[PDB]
file upload.cif (mmCIF, C-alpha atoms and all ligand atoms)
data_final
loop_
_atom_site.label_atom_id
_atom_site.label_comp_id
_atom_site.auth_asym_id
_atom_site.auth_seq_id
_atom_site.Cartn_x
_atom_site.Cartn_y
_atom_site.Cartn_z
CA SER A 1 -71.99 42.47 24.69
CA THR A 2 -69.29 40.03 23.54
CA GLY A 3 -68.94 36.63 21.89
CA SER A 4 -66.20 33.98 21.85
CA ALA A 5 -66.16 30.81 19.73
CA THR A 6 -63.55 28.16 19.00
CA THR A 7 -62.61 27.68 15.36
CA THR A 8 -61.28 24.28 14.22
CA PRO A 9 -59.34 23.17 11.11
CA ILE A 10 -61.48 20.94 8.89
CA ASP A 11 -58.58 18.61 8.13
CA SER A 12 -54.91 17.86 8.80
CA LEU A 13 -53.73 20.56 6.37
CA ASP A 14 -55.78 23.49 7.75
CA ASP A 15 -57.55 23.74 4.37
CA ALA A 16 -60.28 25.72 6.12
CA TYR A 17 -61.66 26.47 9.59
CA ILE A 18 -65.17 25.85 10.93
CA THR A 19 -66.90 27.58 13.82
CA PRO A 20 -70.16 26.47 15.44
CA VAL A 21 -73.10 28.83 14.94
CA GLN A 22 -76.55 28.60 16.54
CA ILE A 23 -79.41 29.41 14.17
CA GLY A 24 -83.11 29.60 14.96
CA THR A 25 -85.37 28.62 17.85
CA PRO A 26 -84.75 26.04 19.16
CA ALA A 27 -81.11 26.39 18.13
CA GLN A 28 -79.86 24.49 15.12
CA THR A 29 -76.08 24.38 15.35
CA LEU A 30 -74.21 24.48 12.03
CA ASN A 31 -70.47 24.60 11.50
CA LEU A 32 -69.71 27.59 9.31
CA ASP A 33 -66.62 28.86 7.53
CA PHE A 34 -66.01 32.40 8.83
CA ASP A 35 -64.87 34.35 5.78
CA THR A 36 -63.50 37.89 6.09
CA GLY A 37 -63.39 37.90 2.29
CA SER A 38 -67.15 37.78 1.68
CA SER A 39 -70.35 39.14 3.18
CA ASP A 40 -73.06 36.48 2.91
CA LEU A 41 -74.18 34.18 5.69
CA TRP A 42 -75.50 31.15 3.86
CA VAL A 43 -76.27 27.59 4.89
CA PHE A 44 -77.02 24.13 3.64
CA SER A 45 -80.73 23.69 4.26
CA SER A 46 -83.88 21.61 3.90
CA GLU A 47 -84.26 23.49 0.59
CA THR A 48 -80.92 22.42 -0.89
CA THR A 49 -81.18 20.11 -3.89
CA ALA A 50 -80.93 16.65 -2.29
CA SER A 51 -78.28 15.33 -4.69
CA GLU A 52 -76.06 18.28 -3.74
CA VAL A 53 -76.10 17.46 -0.03
CA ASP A 54 -73.55 14.87 1.16
CA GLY A 55 -73.08 14.76 4.92
CA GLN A 56 -73.56 18.43 5.78
CA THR A 57 -75.77 19.53 8.66
CA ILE A 58 -78.76 21.42 7.32
CA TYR A 59 -80.83 24.36 8.54
CA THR A 60 -84.58 23.66 8.50
CA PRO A 61 -86.38 27.01 8.74
CA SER A 62 -89.79 25.33 9.06
CA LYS A 63 -88.62 24.00 12.44
CA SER A 64 -87.56 27.42 13.71
CA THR A 65 -90.31 29.44 15.39
CA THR A 66 -88.34 32.64 14.80
CA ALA A 67 -87.64 32.06 11.09
CA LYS A 68 -89.40 34.40 8.65
CA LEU A 69 -89.16 34.16 4.88
CA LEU A 70 -87.79 37.39 3.47
CA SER A 71 -90.33 37.98 0.71
CA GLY A 72 -88.91 38.12 -2.81
CA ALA A 73 -85.28 37.98 -1.70
CA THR A 74 -82.73 35.79 -3.46
CA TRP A 75 -78.96 35.45 -3.34
CA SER A 76 -76.25 34.11 -5.60
CA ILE A 77 -72.53 34.17 -4.96
CA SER A 78 -69.30 32.97 -6.55
CA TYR A 79 -66.04 32.60 -4.64
CA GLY A 80 -62.46 33.17 -5.73
CA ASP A 81 -61.95 29.53 -6.68
CA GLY A 82 -65.03 29.29 -8.90
CA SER A 83 -67.28 27.62 -6.33
CA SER A 84 -70.80 28.97 -5.99
CA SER A 85 -74.16 28.76 -4.28
CA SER A 86 -77.58 30.42 -4.44
CA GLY A 87 -81.04 30.37 -2.92
CA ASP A 88 -83.63 32.31 -0.96
CA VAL A 89 -83.50 34.19 2.33
CA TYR A 90 -84.89 33.94 5.85
CA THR A 91 -84.38 36.20 8.81
CA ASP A 92 -83.75 34.35 12.05
CA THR A 93 -81.90 34.52 15.35
CA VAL A 94 -78.17 33.77 15.03
CA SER A 95 -75.74 33.32 17.92
CA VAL A 96 -71.97 32.96 17.85
CA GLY A 97 -70.16 32.07 21.06
CA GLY A 98 -72.80 33.69 23.26
CA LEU A 99 -73.32 36.78 21.08
CA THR A 100 -76.86 36.93 19.69
CA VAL A 101 -78.29 38.84 16.71
CA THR A 102 -82.04 38.83 16.05
CA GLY A 103 -83.31 39.32 12.51
CA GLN A 104 -80.09 38.19 10.89
CA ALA A 105 -80.40 37.40 7.18
CA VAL A 106 -79.80 33.65 6.85
CA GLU A 107 -79.38 32.73 3.22
CA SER A 108 -80.80 29.28 2.51
CA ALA A 109 -79.08 27.39 -0.30
CA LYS A 110 -81.21 25.84 -3.02
CA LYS A 111 -78.12 25.08 -5.10
CA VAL A 112 -74.45 24.57 -4.26
CA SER A 113 -71.54 23.74 -6.59
CA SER A 114 -69.69 20.43 -6.46
CA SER A 115 -66.81 21.59 -4.24
CA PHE A 116 -69.28 22.48 -1.48
CA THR A 117 -71.13 19.17 -1.86
CA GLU A 118 -67.82 17.32 -1.64
CA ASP A 119 -66.82 19.13 1.56
CA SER A 120 -68.91 17.42 4.24
CA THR A 121 -67.36 19.45 7.10
CA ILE A 122 -68.59 22.88 5.95
CA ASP A 123 -72.28 23.61 6.59
CA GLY A 124 -72.10 27.08 5.06
CA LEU A 125 -70.30 30.40 5.27
CA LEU A 126 -70.49 33.40 7.59
CA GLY A 127 -69.22 36.50 5.81
CA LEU A 128 -67.25 39.11 7.75
CA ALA A 129 -66.25 41.54 4.99
CA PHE A 130 -68.20 44.78 4.54
CA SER A 131 -71.94 44.57 3.88
CA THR A 132 -71.58 46.38 0.54
CA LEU A 133 -70.53 42.99 -0.87
CA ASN A 134 -73.69 41.17 0.24
CA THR A 135 -75.43 39.51 -2.71
CA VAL A 136 -79.04 39.48 -1.49
CA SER A 137 -81.36 40.99 -4.10
CA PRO A 138 -83.34 43.19 -4.45
CA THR A 139 -82.61 44.41 -0.91
CA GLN A 140 -78.99 43.97 0.22
CA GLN A 141 -78.55 42.55 3.74
CA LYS A 142 -76.11 43.18 6.59
CA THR A 143 -73.44 40.81 7.88
CA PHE A 144 -73.58 39.29 11.34
CA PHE A 145 -70.83 41.62 12.54
CA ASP A 146 -72.58 44.65 11.04
CA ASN A 147 -75.78 43.75 12.88
CA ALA A 148 -73.96 43.09 16.17
CA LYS A 149 -71.57 46.05 16.01
CA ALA A 150 -73.58 48.68 17.88
CA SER A 151 -74.22 46.29 20.78
CA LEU A 152 -70.61 45.15 21.16
CA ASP A 153 -68.41 46.46 23.97
CA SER A 154 -66.03 47.53 21.20
CA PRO A 155 -66.81 47.45 17.46
CA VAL A 156 -64.20 44.78 16.70
CA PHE A 157 -63.71 41.11 16.08
CA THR A 158 -60.47 39.15 16.23
CA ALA A 159 -59.13 36.12 14.42
CA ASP A 160 -56.75 33.77 16.20
CA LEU A 161 -56.37 30.81 13.83
CA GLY A 162 -54.35 27.80 14.96
CA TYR A 163 -51.67 25.86 13.11
CA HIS A 164 -52.91 22.27 13.02
CA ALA A 165 -54.84 23.23 16.17
CA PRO A 166 -58.02 24.98 17.29
CA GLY A 167 -58.20 28.75 17.62
CA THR A 168 -60.65 31.50 18.43
CA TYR A 169 -62.95 34.13 16.95
CA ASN A 170 -63.81 36.86 19.46
CA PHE A 171 -66.42 39.59 19.02
CA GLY A 172 -66.47 42.87 20.91
CA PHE A 173 -63.20 42.61 22.83
CA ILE A 174 -59.46 42.12 22.49
CA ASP A 175 -58.00 39.27 24.57
CA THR A 176 -54.70 40.75 25.70
CA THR A 177 -53.52 37.32 26.84
CA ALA A 178 -53.80 35.89 23.31
CA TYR A 179 -50.73 37.58 21.80
CA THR A 180 -47.18 38.71 22.53
CA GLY A 181 -45.73 42.21 22.28
CA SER A 182 -47.97 44.94 20.89
CA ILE A 183 -50.66 45.07 18.24
CA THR A 184 -49.60 47.14 15.24
CA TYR A 185 -52.49 48.80 13.46
CA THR A 186 -52.52 49.60 9.76
CA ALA A 187 -54.90 51.48 7.46
CA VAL A 188 -57.76 49.77 5.63
CA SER A 189 -59.42 50.63 2.33
CA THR A 190 -63.07 49.59 2.19
CA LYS A 191 -63.54 50.81 -1.38
CA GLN A 192 -63.79 47.27 -2.76
CA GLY A 193 -65.71 45.96 0.24
CA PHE A 194 -62.75 43.98 1.58
CA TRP A 195 -60.39 44.28 4.55
CA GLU A 196 -57.79 45.68 2.17
CA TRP A 197 -54.46 46.88 3.53
CA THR A 198 -50.83 47.43 2.49
CA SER A 199 -47.99 45.31 3.83
CA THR A 200 -44.66 47.10 4.07
CA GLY A 201 -42.60 44.25 2.63
CA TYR A 202 -41.14 40.83 3.24
CA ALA A 203 -38.20 38.62 4.12
CA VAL A 204 -37.39 35.01 3.22
CA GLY A 205 -35.93 32.95 6.05
CA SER A 206 -33.07 34.81 7.71
CA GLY A 207 -32.63 37.06 4.66
CA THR A 208 -32.70 40.86 4.68
CA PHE A 209 -36.08 42.57 4.74
CA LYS A 210 -37.30 43.99 1.41
CA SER A 211 -39.25 47.22 1.83
CA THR A 212 -41.99 47.24 -0.80
CA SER A 213 -45.70 47.98 -0.72
CA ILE A 214 -47.90 44.92 -1.10
CA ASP A 215 -51.60 45.69 -1.31
CA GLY A 216 -53.81 42.77 -0.34
CA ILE A 217 -56.83 41.57 1.57
CA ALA A 218 -57.04 39.84 4.94
CA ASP A 219 -59.09 36.80 3.96
CA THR A 220 -59.79 34.04 6.50
CA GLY A 221 -61.73 32.17 3.83
CA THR A 222 -58.69 31.59 1.65
CA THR A 223 -56.29 28.77 2.57
CA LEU A 224 -53.02 30.01 1.15
CA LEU A 225 -50.86 33.13 0.90
CA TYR A 226 -51.03 34.65 -2.58
CA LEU A 227 -48.33 37.22 -3.32
CA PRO A 228 -46.74 38.89 -6.38
CA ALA A 229 -44.79 36.60 -8.71
CA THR A 230 -41.50 38.35 -7.88
CA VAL A 231 -41.96 37.74 -4.15
CA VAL A 232 -43.09 34.15 -4.58
CA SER A 233 -40.17 33.36 -6.92
CA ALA A 234 -37.77 34.79 -4.35
CA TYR A 235 -39.24 32.50 -1.70
CA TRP A 236 -39.20 29.22 -3.60
CA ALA A 237 -35.69 29.90 -4.94
CA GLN A 238 -34.56 29.15 -1.37
CA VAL A 239 -36.03 25.64 -1.49
CA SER A 240 -33.87 23.12 -3.33
CA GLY A 241 -35.87 21.33 -6.01
CA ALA A 242 -38.87 23.65 -5.80
CA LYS A 243 -40.50 24.65 -9.08
CA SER A 244 -43.70 26.03 -10.53
CA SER A 245 -45.75 23.25 -12.10
CA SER A 246 -48.35 24.23 -14.69
CA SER A 247 -49.99 20.81 -14.54
CA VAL A 248 -50.32 20.94 -10.76
CA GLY A 249 -51.18 24.64 -10.85
CA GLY A 250 -48.53 26.18 -8.65
CA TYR A 251 -45.26 25.83 -6.82
CA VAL A 252 -44.41 22.36 -5.64
CA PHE A 253 -41.38 21.12 -3.70
CA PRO A 254 -39.74 17.88 -2.56
CA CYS A 255 -41.52 16.62 0.54
CA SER A 256 -38.07 15.97 2.07
CA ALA A 257 -37.28 19.71 2.03
CA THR A 258 -37.00 21.99 5.03
CA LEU A 259 -38.97 25.15 4.26
CA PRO A 260 -37.67 28.59 5.24
CA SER A 261 -39.87 30.98 7.17
CA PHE A 262 -41.57 33.93 5.49
CA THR A 263 -41.84 37.35 7.13
CA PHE A 264 -44.33 40.04 6.14
CA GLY A 265 -44.34 43.65 7.33
CA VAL A 266 -47.11 45.47 9.13
CA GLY A 267 -45.88 49.03 9.39
CA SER A 268 -42.58 48.73 11.21
CA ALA A 269 -43.67 45.42 12.79
CA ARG A 270 -42.94 41.95 11.45
CA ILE A 271 -45.00 38.76 11.38
CA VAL A 272 -43.01 35.56 10.91
CA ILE A 273 -44.69 32.59 9.20
CA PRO A 274 -42.78 29.43 10.20
CA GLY A 275 -41.66 27.24 7.34
CA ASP A 276 -43.89 24.29 8.21
CA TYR A 277 -46.97 26.57 7.85
CA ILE A 278 -46.11 26.68 4.17
CA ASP A 279 -46.24 22.88 3.72
CA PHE A 280 -49.53 21.59 2.31
CA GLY A 281 -48.43 18.01 1.85
CA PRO A 282 -48.28 15.56 -1.07
CA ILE A 283 -49.86 16.85 -4.29
CA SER A 284 -51.64 13.48 -4.51
CA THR A 285 -51.78 10.55 -2.09
CA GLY A 286 -48.41 8.82 -1.84
CA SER A 287 -46.54 11.42 -3.88
CA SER A 288 -43.15 12.71 -2.74
CA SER A 289 -43.91 16.08 -4.36
CA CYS A 290 -45.58 18.55 -1.97
CA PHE A 291 -47.75 21.61 -2.58
CA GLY A 292 -46.55 25.04 -1.49
CA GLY A 293 -48.50 27.34 0.80
CA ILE A 294 -47.19 30.49 -0.86
CA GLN A 295 -48.39 30.96 -4.43
CA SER A 296 -48.47 33.64 -7.11
CA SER A 297 -51.36 36.08 -7.18
CA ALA A 298 -50.68 36.94 -10.83
CA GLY A 299 -53.84 35.24 -12.12
CA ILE A 300 -56.05 36.71 -9.39
CA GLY A 301 -55.79 40.49 -9.68
CA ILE A 302 -55.14 41.09 -6.00
CA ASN A 303 -52.84 39.77 -3.28
CA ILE A 304 -54.49 37.58 -0.62
CA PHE A 305 -53.31 37.23 2.96
CA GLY A 306 -55.11 33.94 3.56
CA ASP A 307 -54.86 31.52 6.47
CA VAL A 308 -51.17 30.72 5.92
CA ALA A 309 -50.41 34.33 6.83
CA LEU A 310 -53.23 35.05 9.26
CA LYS A 311 -52.66 31.96 11.44
CA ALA A 312 -49.18 33.29 12.22
CA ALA A 313 -50.77 36.32 13.86
CA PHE A 314 -53.40 37.59 16.27
CA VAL A 315 -55.51 39.73 13.94
CA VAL A 316 -57.83 42.58 14.93
CA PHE A 317 -60.59 43.52 12.53
CA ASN A 318 -61.50 46.97 13.83
CA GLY A 319 -64.90 48.08 12.54
CA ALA A 320 -64.82 51.60 13.94
CA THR A 321 -66.09 54.50 11.81
CA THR A 322 -62.72 54.38 10.09
CA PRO A 323 -61.83 50.67 10.01
CA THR A 324 -58.29 49.46 10.59
CA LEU A 325 -56.49 46.14 10.88
CA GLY A 326 -54.27 45.11 13.77
CA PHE A 327 -51.56 42.41 13.77
CA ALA A 328 -49.65 40.95 16.71
CA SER A 329 -47.26 38.02 17.00
CA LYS A 330 -48.38 35.18 19.28
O1 LIG B 1 -64.21 34.32 -2.28
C1 LIG B 1 -62.93 34.79 -1.85
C2 LIG B 1 -63.20 35.49 -0.53
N1 LIG B 1 -62.89 34.51 0.57
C3 LIG B 1 -62.35 33.25 -0.03
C4 LIG B 1 -63.29 32.09 0.21
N2 LIG B 1 -63.47 31.05 -0.50
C5 LIG B 1 -64.15 30.20 0.35
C6 LIG B 1 -64.52 28.82 0.01
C7 LIG B 1 -65.09 27.98 0.95
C8 LIG B 1 -65.38 26.66 0.63
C9 LIG B 1 -65.16 26.18 -0.65
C10 LIG B 1 -65.45 24.76 -0.99
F1 LIG B 1 -65.89 24.06 0.04
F2 LIG B 1 -64.38 24.13 -1.43
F3 LIG B 1 -66.34 24.64 -1.95
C11 LIG B 1 -64.64 27.04 -1.60
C12 LIG B 1 -64.32 28.34 -1.28
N3 LIG B 1 -64.45 30.73 1.51
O2 LIG B 1 -63.87 32.03 1.43
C13 LIG B 1 -62.07 33.59 -1.49
#

call {"tool": "encode", "arguments": {"input": "upload.cif", "output": "structure tokens"}}
result
Amino acid sequence: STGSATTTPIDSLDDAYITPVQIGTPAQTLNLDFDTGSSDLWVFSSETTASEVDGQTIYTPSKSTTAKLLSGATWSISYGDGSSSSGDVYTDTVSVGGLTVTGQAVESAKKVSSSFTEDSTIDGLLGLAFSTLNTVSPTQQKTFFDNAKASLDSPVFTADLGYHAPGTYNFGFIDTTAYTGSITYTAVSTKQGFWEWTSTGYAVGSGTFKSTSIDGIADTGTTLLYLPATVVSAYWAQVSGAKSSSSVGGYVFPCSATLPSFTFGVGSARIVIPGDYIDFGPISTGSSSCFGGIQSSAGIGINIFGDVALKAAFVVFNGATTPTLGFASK
């Protein structure tokens, strides 16, 4: 089997991407944030504290004839930014772009933190990291991809995020019309439960390529590109007026600037992030100071190839017995 679904930026800055997902019988369609950096599928629901729901579409398990409460199961998760959610668990039928999984764990939120409440466009998350990260207790549950894998034509999914434009998540096949040149594959460590890999280095604009190992995770659920302080300093040094602002919480730059591209290595291959991908607009409405899309990972503990990097590529998440990651230009 295969699946194919369009993913859409939630706003004009590509802060996140949502993808329609059919849950239950009859289908309840929710727009979920596909996150290759986590492994829970959770949703706003009829069980979510009313004051914490503000415009989201909710899952009502009582209206699904295939929903079954998973007895005694709870979940609780915190994301990289400090946001969180928790609740109980149903199993139900879940379909993405024509690909259907029966008995998928659907984690129903009883509580969500303020940043989720304030984001009316995100109805929940669909985790696509390895199932070892799943937070359901006392019996850990499998991700949607994990459940679907054996039935797929090929045990893969691909991420084709758009820049200020829609894109595509495919399951079970590689669309050879969706990229240019070849796909370069690189090794993955699953030891931490992430799609963790090592980039072979970087270039800033038309500058020479620096060969250096940069370990990081491919994380569709993170907006920006977080890289070592040395690398990030080298980038913003090429932008007149750019500086790190402690009060803003990162590198900012004059909105009148022209940003240089940023290249990262995948083996001997190179992925070029155009400069305007790195522009995340005025730090506050009406400001002429803009927020940078490349930021230091120093306070994080790991490097994160978020959407700023991934949207510049066609990305293969290969879930074979020994997982790998593939990158192609597009
Ligand atoms: O957890 C790490 C693994 N993947 C990254 C991730 N973080 C989110 C996220 C989604 C929505 C929000 C909110 F709407 F603003 F609340 C916050 C964070 N989704 O994936 C970071």

call {"tool": "closest_residue", "arguments": {"input": "upload.cif", "among": "A:204, A:320, A:18, A:294", "to": "ligand LIG 1 (chain B)", "atoms": "all atoms listed in the file"}}
result
A:18

call {"tool": "residues_around", "arguments": {"input": "upload.cif", "residues": "stretch 174-180 of chain A", "least_positions_apart": "6", "cutoff": "10 Å", "atoms": "all atoms listed in the file", "output": "PyMOL selection string"}}
result
chain A and resi 154+156-158+160+168+313-316+327-330

call {"tool": "residues_around", "arguments": {"input": "upload.cif", "residues": "residue A:54", "least_positions_apart": "3", "cutoff": "12 Å", "atoms": "only C-alpha atoms", "output": "PyMOL selection string"}}
result
chain A and resi 44-45+48-51+57-58+112-123

call {"tool": "write_last_selection", "arguments": {"input": "upload.cif", "atoms": "C-alpha atoms", "output": "PDB file, in the frame of the given file"}}
result
ATOM      1  CA  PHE A  44     -77.020  24.130   3.640  1.00  0.00           C
ATOM      2  CA  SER A  45     -80.730  23.690   4.260  1.00  0.00           C
ATOM      3  CA  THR A  48     -80.920  22.420  -0.890  1.00  0.00           C
ATOM      4  CA  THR A  49     -81.180  20.110  -3.890  1.00  0.00           C
ATOM      5  CA  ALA A  50     -80.930  16.650  -2.290  1.00  0.00           C
ATOM      6  CA  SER A  51     -78.280  15.330  -4.690  1.00  0.00           C
ATOM      7  CA  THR A  57     -75.770  19.530   8.660  1.00  0.00           C
ATOM      8  CA  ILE A  58     -78.760  21.420   7.320  1.00  0.00           C
ATOM      9  CA  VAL A 112     -74.450  24.570  -4.260  1.00  0.00           C
ATOM     10  CA  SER A 113     -71.540  23.740  -6.590  1.00  0.00           C
ATOM     11  CA  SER A 114     -69.690  20.430  -6.460  1.00  0.00           C
ATOM     12  CA  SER A 115     -66.810  21.590  -4.240  1.00  0.00           C
ATOM     13  CA  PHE A 116     -69.280  22.480  -1.480  1.00  0.00           C
ATOM     14  CA  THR A 117     -71.130  19.170  -1.860  1.00  0.00           C
ATOM     15  CA  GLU A 118     -67.820  17.320  -1.640  1.00  0.00           C
ATOM     16  CA  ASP A 119     -66.820  19.130   1.560  1.00  0.00           C
ATOM     17  CA  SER A 120     -68.910  17.420   4.240  1.00  0.00           C
ATOM     18  CA  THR A 121     -67.360  19.450   7.100  1.00  0.00           C
ATOM     19  CA  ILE A 122     -68.590  22.880   5.950  1.00  0.00           C
ATOM     20  CA  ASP A 123     -72.280  23.610   6.590  1.00  0.00           C
TER      21      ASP A 123
END

call {"tool": "closest_residue", "arguments": {"input": "upload.cif", "among": "A:16, A:263, A:105, A:165", "to": "residue A:231", "atoms": "all atoms listed in the file"}}
result
A:263

call {"tool": "closest_residue", "arguments": {"input": "upload.cif", "among": "A:200, A:6, A:318, A:222", "to": "ligand LIG 1 (chain B)", "atoms": "all atoms listed in the file"}}
result
A:222

call {"tool": "residues_near_ligand", "arguments": {"input": "upload.cif", "ligand": "ligand LIG 1 (chain B)", "cutoff": "10 Å", "atoms": "only C-alpha atoms and all ligand atoms", "output": "VMD selection string"}}
result
chain A and resid 15 to 17 32 to 39 77 to 85 112 to 129 194 217 to 224 304 306

call {"tool": "write_last_selection", "arguments": {"input": "upload.cif", "atoms": "C-alpha atoms", "output": "PDB file, in the coordinates of the input"}}
result
ATOM      1  CA  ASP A  15     -57.550  23.740   4.370  1.00  0.00           C
ATOM      2  CA  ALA A  16     -60.280  25.720   6.120  1.00  0.00           C
ATOM      3  CA  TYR A  17     -61.660  26.470   9.590  1.00  0.00           C
ATOM      4  CA  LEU A  32     -69.710  27.590   9.310  1.00  0.00           C
ATOM      5  CA  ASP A  33     -66.620  28.860   7.530  1.00  0.00           C
ATOM      6  CA  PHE A  34     -66.010  32.400   8.830  1.00  0.00           C
ATOM      7  CA  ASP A  35     -64.870  34.350   5.780  1.00  0.00           C
ATOM      8  CA  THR A  36     -63.500  37.890   6.090  1.00  0.00           C
ATOM      9  CA  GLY A  37     -63.390  37.900   2.290  1.00  0.00           C
ATOM     10  CA  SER A  38     -67.150  37.780   1.680  1.00  0.00           C
ATOM     11  CA  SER A  39     -70.350  39.140   3.180  1.00  0.00           C
ATOM     12  CA  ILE A  77     -72.530  34.170  -4.960  1.00  0.00           C
ATOM     13  CA  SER A  78     -69.300  32.970  -6.550  1.00  0.00           C
ATOM     14  CA  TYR A  79     -66.040  32.600  -4.640  1.00  0.00           C
ATOM     15  CA  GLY A  80     -62.460  33.170  -5.730  1.00  0.00           C
ATOM     16  CA  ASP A  81     -61.950  29.530  -6.680  1.00  0.00           C
ATOM     17  CA  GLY A  82     -65.030  29.290  -8.900  1.00  0.00           C
ATOM     18  CA  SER A  83     -67.280  27.620  -6.330  1.00  0.00           C
ATOM     19  CA  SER A  84     -70.800  28.970  -5.990  1.00  0.00           C
ATOM     20  CA  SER A  85     -74.160  28.760  -4.280  1.00  0.00           C
ATOM     21  CA  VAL A 112     -74.450  24.570  -4.260  1.00  0.00           C
ATOM     22  CA  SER A 113     -71.540  23.740  -6.590  1.00  0.00           C
ATOM     23  CA  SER A 114     -69.690  20.430  -6.460  1.00  0.00           C
ATOM     24  CA  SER A 115     -66.810  21.590  -4.240  1.00  0.00           C
ATOM     25  CA  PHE A 116     -69.280  22.480  -1.480  1.00  0.00           C
ATOM     26  CA  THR A 117     -71.130  19.170  -1.860  1.00  0.00           C
ATOM     27  CA  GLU A 118     -67.820  17.320  -1.640  1.00  0.00           C
ATOM     28  CA  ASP A 119     -66.820  19.130   1.560  1.00  0.00           C
ATOM     29  CA  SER A 120     -68.910  17.420   4.240  1.00  0.00           C
ATOM     30  CA  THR A 121     -67.360  19.450   7.100  1.00  0.00           C
ATOM     31  CA  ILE A 122     -68.590  22.880   5.950  1.00  0.00           C
ATOM     32  CA  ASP A 123     -72.280  23.610   6.590  1.00  0.00           C
ATOM     33  CA  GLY A 124     -72.100  27.080   5.060  1.00  0.00           C
ATOM     34  CA  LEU A 125     -70.300  30.400   5.270  1.00  0.00           C
ATOM     35  CA  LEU A 126     -70.490  33.400   7.590  1.00  0.00           C
ATOM     36  CA  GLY A 127     -69.220  36.500   5.810  1.00  0.00           C
ATOM     37  CA  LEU A 128     -67.250  39.110   7.750  1.00  0.00           C
ATOM     38  CA  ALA A 129     -66.250  41.540   4.990  1.00  0.00           C
ATOM     39  CA  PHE A 194     -62.750  43.980   1.580  1.00  0.00           C
ATOM     40  CA  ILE A 217     -56.830  41.570   1.570  1.00  0.00           C
ATOM     41  CA  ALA A 218     -57.040  39.840   4.940  1.00  0.00           C
ATOM     42  CA  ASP A 219     -59.090  36.800   3.960  1.00  0.00           C
ATOM     43  CA  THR A 220     -59.790  34.040   6.500  1.00  0.00           C
ATOM     44  CA  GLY A 221     -61.730  32.170   3.830  1.00  0.00           C
ATOM     45  CA  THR A 222     -58.690  31.590   1.650  1.00  0.00           C
ATOM     46  CA  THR A 223     -56.290  28.770   2.570  1.00  0.00           C
ATOM     47  CA  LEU A 224     -53.020  30.010   1.150  1.00  0.00           C
ATOM     48  CA  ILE A 304     -54.490  37.580  -0.620  1.00  0.00           C
ATOM     49  CA  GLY A 306     -55.110  33.940   3.560  1.00  0.00           C
TER      50      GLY A 306
END

call {"tool": "residues_around", "arguments": {"input": "upload.cif", "residues": "stretch 190-192 of chain A", "least_positions_apart": "3", "cutoff": "9 Å", "atoms": "all atoms listed in the file", "output": "list in words"}}
result
residues 130, 132, 133, 195, 196 and 323 of chain A

call {"tool": "axis_aligned_box", "arguments": {"input": "upload.cif", "around": "stretch 220-232 of chain A", "padding_each_side": "4 Å", "output": "AutoDock Vina command-line options"}}
result
--center_x -51.6 --center_y 33.8 --center_z -1.1 --size_x 28.2 --size_y 18.1 --size_z 23.2

call {"tool": "residues_around", "arguments": {"input": "upload.cif", "residues": "residue A:88", "least_positions_apart": "4", "cutoff": "9 Å", "atoms": "all atoms listed in the file", "output": "JSON, numbers by chain"}}
result
{"A": [47, 69, 70, 71, 72, 73, 74, 75, 76, 106, 107, 108, 109, 110, 136]}

call {"tool": "atom_distance", "arguments": {"input": "upload.cif", "atom1": "atom CA of residue A:209", "atom2": "atom CA of residue A:300"}}
result
25.2 Å

call {"tool": "closest_residue", "arguments": {"input": "upload.cif", "among": "A:289, A:143, A:268, A:60", "to": "residue A:104", "atoms": "all atoms listed in the file"}}
result
A:143

call {"tool": "residues_around", "arguments": {"input": "upload.cif", "residues": "residue A:295", "least_positions_apart": "6", "cutoff": "8 Å", "atoms": "only C-alpha atoms", "output": "list in words"}}
result
residues 224, 225, 226, 227, 229, 232, 250 and 251 of chain A

call {"tool": "decode", "arguments": {"input": "upload.cif", "residues": "stretch 155-160 of chain A", "atoms": "N, CA, C and O atoms", "output": "mmCIF file, in the first residue's frame"}}
result
data_model
loop_
_atom_site.group_PDB
_atom_site.id
_atom_site.type_symbol
_atom_site.label_atom_id
_atom_site.label_comp_id
_atom_site.auth_asym_id
_atom_site.auth_seq_id
_atom_site.Cartn_x
_atom_site.Cartn_y
_atom_site.Cartn_z
ATOM 1 N N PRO A 155 9.320 0.256 2.914
ATOM 2 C CA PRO A 155 9.219 0.771 4.286
ATOM 3 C C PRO A 155 9.841 2.155 4.453
ATOM 4 O O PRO A 155 10.837 2.306 5.166
ATOM 5 N N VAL A 156 9.237 3.149 3.805
ATOM 6 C CA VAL A 156 9.777 4.506 3.746
ATOM 7 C C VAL A 156 8.657 5.536 3.819
ATOM 8 O O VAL A 156 7.505 5.248 3.470
ATOM 9 N N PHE A 157 8.991 6.734 4.283
ATOM 10 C CA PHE A 157 8.140 7.882 4.011
ATOM 11 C C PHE A 157 9.042 9.028 3.593
ATOM 12 O O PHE A 157 10.243 9.008 3.865
ATOM 13 N N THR A 158 8.477 9.996 2.877
ATOM 14 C CA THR A 158 9.261 11.123 2.393
ATOM 15 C C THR A 158 8.629 12.444 2.766
ATOM 16 O O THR A 158 7.403 12.572 2.831
ATOM 17 N N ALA A 159 9.488 13.434 2.997
ATOM 18 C CA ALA A 159 9.049 14.767 3.362
ATOM 19 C C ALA A 159 9.474 15.738 2.283
ATOM 20 O O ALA A 159 10.657 15.838 1.959
ATOM 21 N N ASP A 160 8.500 16.447 1.732
ATOM 22 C CA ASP A 160 8.748 17.404 0.665
ATOM 23 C C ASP A 160 8.057 18.701 1.063
ATOM 24 O O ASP A 160 6.981 19.022 0.563
#
